[PDB]
Amino acid sequence: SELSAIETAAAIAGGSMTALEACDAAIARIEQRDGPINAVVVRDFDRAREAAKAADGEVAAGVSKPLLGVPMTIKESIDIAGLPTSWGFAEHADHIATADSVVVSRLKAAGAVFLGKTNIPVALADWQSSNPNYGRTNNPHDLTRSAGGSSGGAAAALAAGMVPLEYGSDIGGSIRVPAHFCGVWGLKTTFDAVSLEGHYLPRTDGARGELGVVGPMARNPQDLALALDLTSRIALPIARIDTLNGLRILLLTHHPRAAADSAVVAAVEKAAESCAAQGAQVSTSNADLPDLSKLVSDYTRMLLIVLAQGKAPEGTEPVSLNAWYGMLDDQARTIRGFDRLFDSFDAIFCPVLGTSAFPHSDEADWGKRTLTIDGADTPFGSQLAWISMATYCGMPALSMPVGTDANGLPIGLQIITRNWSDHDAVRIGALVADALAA
Ligand SMILES: Nc1ccc(Cc2ccc(N)cc2)cc1
């Protein structure tokens, strides 16, 4: 493959290459590779090479920083000063951000260089990345399939080797699902651990909502861990895990509210037997597991209120504030349920989604889509079940590649750890990957 973000940084810091050559190589890969993929839909190449020269002025003057001169892109829905943030809305094509987002400001502070931004579905509301401003992003592994969404272009740029680092957002699996579909690494972070300032509905500038998070995306866990330390509000607890021996794993290949294809089950199951072969204690049932079906209903109820900003259609009565406060009480009760579960487990292993990447759908209404699972059509939206646990209850959740299905399409494993243990999620993935090579 290509240089990782850390390897790029270290090459720039040893002499092997200049930030501006690094920036020009990335530009080269994007132009040579993005034609059929359409992942880098906002390009800031001229300014990017200026800041690359600026980065080289620093290196020539003794300066070092963990990402100095490292080229990267970011999800279109995160503000970069001077660049559109439209979220795919035609009405906001020309909404130009005035201020870097906090994530961007943080990575810029660490010396990174921003070449542009990556494609998203309209309103960040799909497991595909398609919109009238930029068009559609195609899975580098099979151009007839979805790149995932809403962070789909991010994952596709990573998978195609264009840039070593990205940063996405997830309120309904939009980091994990595209990483899963495209065969790269994506970390949904603990709720409220990373600032969403600059991840603004276009032309707004308010408070972060419940549920949603931003987190990094990369080709490897080392880059994720570094990107996390550079962007979290405060420094998060370092990884306590340094071996799979004795690691306690809750393996969930069933969900009461969604099916999984047998290839996906096999992939996740194999990742767990592989860990076991290194000492892990793998369980398949526990009485402290919260009601996953009630969880899906509570999460969905709250997801639709959040996305609608508390509004309801004409004739329909909105939720009262007090009822909303009751919904947060419910959410807190469920969260305590997982606190008790993590007294007995270090991680949950489960699918990210019940299928690998599906063929492009032009059907806007999820209720009219299907997904083929084990040869039969099943409801498309049911699959939110798999990503509901970590979003609703706040936990960090890694999506990492662990296999390919029979058509060559990536399959990812979801690793859920306890709140604030984001670095243990990443570290356990790193160890799953060693174990599967063994
Ligand atoms: N038709 C329809 C129904 C439900 C949703 C919720 C949602 C789904 C996926 C993501 N990544 C974010 C939000 C979006 C569209």
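Report the calculated FRET efficiency for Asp291 and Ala266 (r = Cβ-Cβ distance, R0 = 30 Å), to the nearest 0.05.
Details: r = 27 Å, r/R0 = 0.89.
Rounded to the nearest 0.05, the efficiency is 0.65.
Here the Gaussian network model covers the chain, with springs between Cα atoms less than 10 Å apart; of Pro164, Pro140, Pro290, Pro290 fluctuates the most. Under a straight-distance cross-link criterion of Cα-Cα below 23 Å, which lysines are reachable from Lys117, leaving out those fewer than 8 residues away in the same chain? Within the straight-line cut-off, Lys117 pairs with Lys53, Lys65, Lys75, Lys108, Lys188. Placing +1 on each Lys and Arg Cβ and -1 on each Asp and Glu Cβ, with no other charges, gives the stretch 248-437 a dipole about its Cα centre of roughly 280 debye. Helical content alone sets the calculated 222 nm signal of the chain at -11000 deg cm²/dmol, taking -39,500 (n - 2.57) per DSSP H segment of four or more residues and averaging over every residue. Distance from the Cα centroid of the stretch 92-125 to that of the stretch 288-317 is 29 Å (rounded to whole angstrom). For the stretch 5-183, the dipole from Cβ point charges (+1 on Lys and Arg, -1 on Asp and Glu) about the Cα centre works out to 240 debye, to the nearest 20. Available extension along the chain between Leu304 and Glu317 is 3.3 nm, counting 0.36 nm per residue and deducting the alpha carbon span.
For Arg418, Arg176, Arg49, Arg203, which order do you get if you count the other beta carbons within 10 Å of each Cβ and list the fewest first?
Working: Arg418 21, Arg176 35, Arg49 18, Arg203 11.
If I rank by nearby Cβ atoms, fewest first, I get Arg203, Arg49, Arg418, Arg176.
Within the stretch 248-437, all pairs of alpha-carbon atoms sorted by distance into 10 Å bins from zero give the percentages 9, 33, 34, 19, 5, 1. Which of the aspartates and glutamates could a cross-linker bridge to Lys270, judged by Cα under 16 Å and excluding same-chain residues fewer than eight apart? Cross-link targets: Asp261, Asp405, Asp434. For the stretch 175-202, the residues whose backbone nitrogen is under 19 Å from a point 7 Å from the Cα of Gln278, taken along Cα to Cβ, are 184-187. Summarising the label geometry, the points placed 7 Å from Cα in the beta-carbon direction at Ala99 and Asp46 lie 2.7 nm from one another.
Within the shell defined by Cβ-Cβ distances under 14 Å, the residues around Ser361 carry a net charge of -1, with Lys and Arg each +1 and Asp and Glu each -1. Taking other C-beta atoms within 10 Å as the exposure proxy, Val214, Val352 rank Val214, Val352 from fewest upward. Across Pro216, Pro318, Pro132, mean-square fluctuation computed from a Gaussian network of the chain (C-alpha pairs under 10 Å connected) peaks at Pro318.
Counting charges near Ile175 (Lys, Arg +1; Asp, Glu -1) among other residues having Cβ under 15 Å from its Cβ returns a value of -2.
If the only charges are +1 at each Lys and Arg Cβ and -1 at each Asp and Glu Cβ, what is the size of the charge dipole of the chain around the Cα centre, to the nearest 20 debye?
Values: 33 positive and 49 negative charges, 59 e Å.
For this selection, approximately 280 debye.
Given the stretch 248-437, what percent of its DSSP beta bridges are antiparallel, to the nearest 5?
Numbers: 16 of 22 bridges.
Close to 75 percent.
Cut-off 10 angstrom, C-alpha nodes, Gaussian network model of the chain. Which of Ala179, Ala357, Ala125 fluctuates the most? Largest GNM mean-square fluctuation: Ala125. Exposure proxy shown here: for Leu230, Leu67, the number of other Cβ atoms within 10 Å sets the order, fewest to most, as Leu230, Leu67.
Other residues lying with their Cβ under 15 Å from the Cβ of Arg418 contribute a combined charge of -1, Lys and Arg counting +1, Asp and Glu -1. Bridges between two residues of the stretch 5-183, per DSSP, are antiparallel at a rate of about 60%.
When the Cα positions of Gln222, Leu247, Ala259 are compared along the charge dipole of the stretch 195-273, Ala259 comes out farthest toward the positive end, with charges on each C-beta of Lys, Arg, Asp and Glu.
Express the Stokes-Einstein translational diffusion coefficient of the chain in µm² s⁻¹, to the nearest whole number, given a Kirkwood radius over alpha-carbon pairs, 37 °C and a viscosity of 0.692 mPa s. Present the calculation step by step, with values, prior to reporting the outcome.
Working: Rh = 21.7 Å.
Stokes-Einstein gives a translational diffusion coefficient of 152 µm²/s.
Dividing the Cα radius of gyration by the Kirkwood radius, what Rg/Rh value follows for the stretch 1-148?
Working: Rg = 15.8 Å, Rh = 15.9 Å.
On the Cα set of the stretch 1-148, Rg over Rh gives 1.00.
Every read-out reported here was derived from the displayed coordinates using simple, explicitly stated rules and does not represent laboratory data. Cβ coordinates were reconstructed from backbone atoms using ideal geometry, including for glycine residues, and neighbour counts include every protein chain displayed.
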